[PDB]
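Student: Structure below; questions to follow.
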Amino acid sequence: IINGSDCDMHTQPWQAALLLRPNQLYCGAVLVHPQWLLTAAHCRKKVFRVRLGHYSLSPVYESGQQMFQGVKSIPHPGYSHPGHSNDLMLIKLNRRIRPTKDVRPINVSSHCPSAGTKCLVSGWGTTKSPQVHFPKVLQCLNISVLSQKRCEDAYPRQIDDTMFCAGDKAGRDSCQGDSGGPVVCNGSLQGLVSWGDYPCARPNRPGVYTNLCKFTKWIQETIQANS
Ligand SMILES: *[C@H]1O[C@H](CO)[C@@H](O[C@@H]2O[C@H](CO)[C@@H](O)[C@H](O)[C@H]2NC(C)=O)[C@H](O)[C@H]1NC(C)=O
Ligand SMILES: [Zn+2]
Ligand SMILES: [Zn+2]
Ligand SMILES: [Zn+2]
């Protein structure tokens, strides 16, 4: 997250981090069900761990912490390179979460975001671009949803309704390391960090996020088919 601020503690209980030994965080994820996470399809990995209810980046022990193992990874069937449409994937935890003020799922909105909607995106990604610089703790940033028209103009021929743009204010954007992370609007999960221009936070170049309102039926049917 470029130009964000340390998140308040306990305000992102659905935020997750994906790690692959020792504790190298490669993507964020979002707890959307007592036993399911949602992350970007390009964040797929065979072996990895899931960390929930943990504020800092380093593996410093925290009381609210809860570690898990991903038993099943299911990317949306429409995901493809280099278009990157349908950039979402379901991950099943080995066991259900112990609900607490630290670890709590969030609902996925079925109503699509309209131009002007203020949303909050969080992550442990780099706070600088192109120079890499990781934060100490979870970063938060409010971004506003642009119109699908402007979105398409900014990235001609590389955008469809499976995504949406957000982040008008310059110097502020999501970046590498935030991928798979949540974009919350109106108390609901509206999107996942997917991609954007590079370097991050270039003026008039908004971040592109997975448009989750288009996948509620698939998400719920997939979870039920594996319960
Ligand atoms: C983005 O905007 C939201 C909403 O304006 C900010 O949330 C506000 O936070 C302050 C300080 O905690 C509260 O006094 C307000 O009540 C909150 N808004 C409301 C009315 O819900 C949020 O902090 C902003 N995100 C960041 C970190 O910039
Ligand atoms: Zn706590
Ligand atoms: Zn690709
Ligand atoms: Zn530092």
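Our numbering is plain: 1 for the first residue shown, then up by one each step along the chain.
Looking at the header, which is where the method is noted, we find X-ray crystallography, 2.3 Å.
Cβ coordinates come from backbone N, Cα and C, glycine included.
Feature table excerpt (Swiss-Prot):
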DOMAIN    1-224  domain 'Peptidase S1'
CARBOHYD  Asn3  N-linked glycosylation site
DISULFID  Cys7-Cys140  disulfide bond
DISULFID  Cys27-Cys43  disulfide bond
ACT_SITE  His42  active site, charge relay system
SITE      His84  site 'Major binding site for inhibitory zinc'
ACT_SITE  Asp87  active site, charge relay system
CARBOHYD  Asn107  N-linked glycosylation site
DISULFID  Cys112-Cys213  disulfide bond
DISULFID  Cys119-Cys185  disulfide bond
CARBOHYD  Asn142  N-linked glycosylation site
DISULFID  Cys151-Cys165  disulfide bond
DISULFID  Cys175-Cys200  disulfide bond
ACT_SITE  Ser179  active site, charge relay system
CARBOHYD  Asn186  N-linked glycosylation site
Student: Round to a whole number and give the Cα-to-Cα distance in Å for the pair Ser179 (active site, charge relay system) and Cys27 (disulfide bond).
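Tutor: The Cα atom of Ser179 (active site, charge relay system) is 5 Å away from the Cα atom of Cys27 (disulfide bond).
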Student: Helix, strand or coil: which one is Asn142 (N-linked glycosylation site) in, per DSSP?
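Tutor: SS state of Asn142 (N-linked glycosylation site) = strand.
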Student: Report the nearest neighbour of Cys200 (disulfide bond) in space among the recorded positions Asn3, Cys43, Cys140, comparing Cα positions.
Tutor: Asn3
Student: In whole Å, note down how far the CA of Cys112 (disulfide bond) lies from the CA of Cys151 (disulfide bond).
Tutor: 15
Student: Under a three-state reading of DSSP, tell me whether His42 (active site, charge relay system) is helix, strand or coil.
Tutor: helix
Student: Considering only the recorded positions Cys7, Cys140, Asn142, which residue has the minimal Cα-Cα separation from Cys112 (disulfide bond)?
Tutor: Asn142
Student: Sorry to bug you, but what's the C-alpha spacing from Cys213 (disulfide bond) to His84 (site 'Major binding site for inhibitory zinc'), rounded to the closest Å?
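Tutor: On Cα coordinates alone, these residues lie 17 Å apart.
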Student: Going by Cα-Cα distance, which of the recorded positions (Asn107, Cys175, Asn186) sits nearest to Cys119 (disulfide bond)?
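Tutor: So, spelling it out, the nearest of the recorded positions is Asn186.
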Student: Given the disulfide-bonded residues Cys119, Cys165, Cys185, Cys200, return the subset with CB under 6 A from an atom of ligand 1, ordered by sequence, or none if empty.
Tutor: none
